[PDB]
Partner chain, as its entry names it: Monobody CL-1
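There is one chain below, alone, in structure tokens, taken in the form solved without its partner chain.
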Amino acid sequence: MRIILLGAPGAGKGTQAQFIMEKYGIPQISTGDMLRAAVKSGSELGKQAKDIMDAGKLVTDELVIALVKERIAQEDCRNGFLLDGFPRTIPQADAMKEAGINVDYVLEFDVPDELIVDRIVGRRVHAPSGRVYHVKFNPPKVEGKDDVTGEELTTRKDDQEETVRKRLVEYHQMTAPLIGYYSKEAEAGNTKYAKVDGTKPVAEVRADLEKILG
């Protein structure tokens, strides 16, 4: 199974990706995480990016597209994967068609602008695993600590309010057209498309997805 998750930053994509990956065995492919990690190591594809992310602007299409192509060439993706943050522009989506990468499901998280900032300002991550927390809406069991390793959680550098607003503008300009893009792909039968209410609590969004994916 191959899945794309669409939605504003802070819509809940990464959070729900973890559950999908655990129930259905397909890895999460999060270009944001890959970029943030490639930034960290600085010895692989996608090293050039910290200044662009930190502005809240998208990395250039070709770079990301390659990074994903290499990432899905790994043996763990061969039976399925979950794209989370990719494609993020019409060129990235067209490059998937160009490369012969079909998708079985596109899952749209509906979450209004007015909820996005509180979500992202309170976000805490465990980078090594991708686990995502929210200090209030989905907290670690122990404040400040990853549930599994006990490692102290971090804040992403792009999770500041000012930056989050510019990201949202950028999102509505370059990435929201993907909604219509994959709706048209679904009307033509080339994918299954579904819209979920991403304002519900985490466990309810989780249950709504379970009911779509069987």
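Positions refer to the first chain, counted from 1. What we label the rigid core is the largest C-alpha set whose atoms superpose within 1.5 Å from one form to the other.
Note that the form solved in complex with its partner chain isn't included here; everything after this is about it.
Asks: Decide yes or no: are 1, 81 and 102 jointly within 4.5 Å of its partner chain in the bound PDB entry, with each residue judged by its heavy atoms?
Replies: No, none of 1, 81 and 102 comes within 4.5 Å of its partner chain in the bound PDB entry.
Asks: Using heavy atoms only and a 4.5 Å cut-off, determine which of 153, 26, 176, 186 is in contact with its partner chain in the bound PDB entry.
Replies: It is 186.
Asks: Quick one: does residue 202 come within 4.5 Å of its partner chain in the bound PDB entry, counting heavy atoms only?
Replies: Output for residue 202 is no: heavy atoms all beyond 4.5 Å of its partner chain.
Asks: Answer yes if any heavy atom of residue 206 is within 4.5 Å of a heavy atom of its partner chain in the bound PDB entry; otherwise answer no.
Replies: Output for residue 206 is no: heavy atoms all beyond 4.5 Å of its partner chain.
Asks: Does any part of residue 19 reach within 4.5 Å of its partner chain in the bound PDB entry? Heavy atoms only, please.
Replies: Looking in the bound PDB entry, residue contacts with its partner chain do not include residue 19, since no heavy atom lies within 4.5 Å.
Asks: Taking its partner chain as it sits in the bound PDB entry, is residue 11 near enough to touch it, meaning that at least one heavy atom pair lies within 4.5 angstroms?
Replies: Contact with its partner chain, no.
Asks: Note that its partner chain is not shown here; using its position in the bound PDB entry, name the residues of 184-214 with a heavy atom within 4.5 Å of it, in sequence order.
Replies: Sequence-ordered list: 186, 187, 189, 191, 192, 193, 194, 195, 196, 197, 200, 208, 211, 212.
Asks: After superposing on the rigid core, which residue out of 59, 45, 164, 176 has its C-alpha displaced by 2 Å or more between the shown form and the other one?
Replies: The one that shifts is 45.
Asks: Please check whether, in the bound PDB entry, the CA atoms of residue 50 and residue 44 lie closer or farther apart than here, given a change of 3 Å or more.
Replies: Here the pair is farther apart than in the bound PDB entry; there, closer.
Asks: What happens to the Cα distance from residue 46 to residue 61 in the bound PDB entry: does it get closer or farther than here, with a change of 3 angstroms or more?
Replies: Result: farther.
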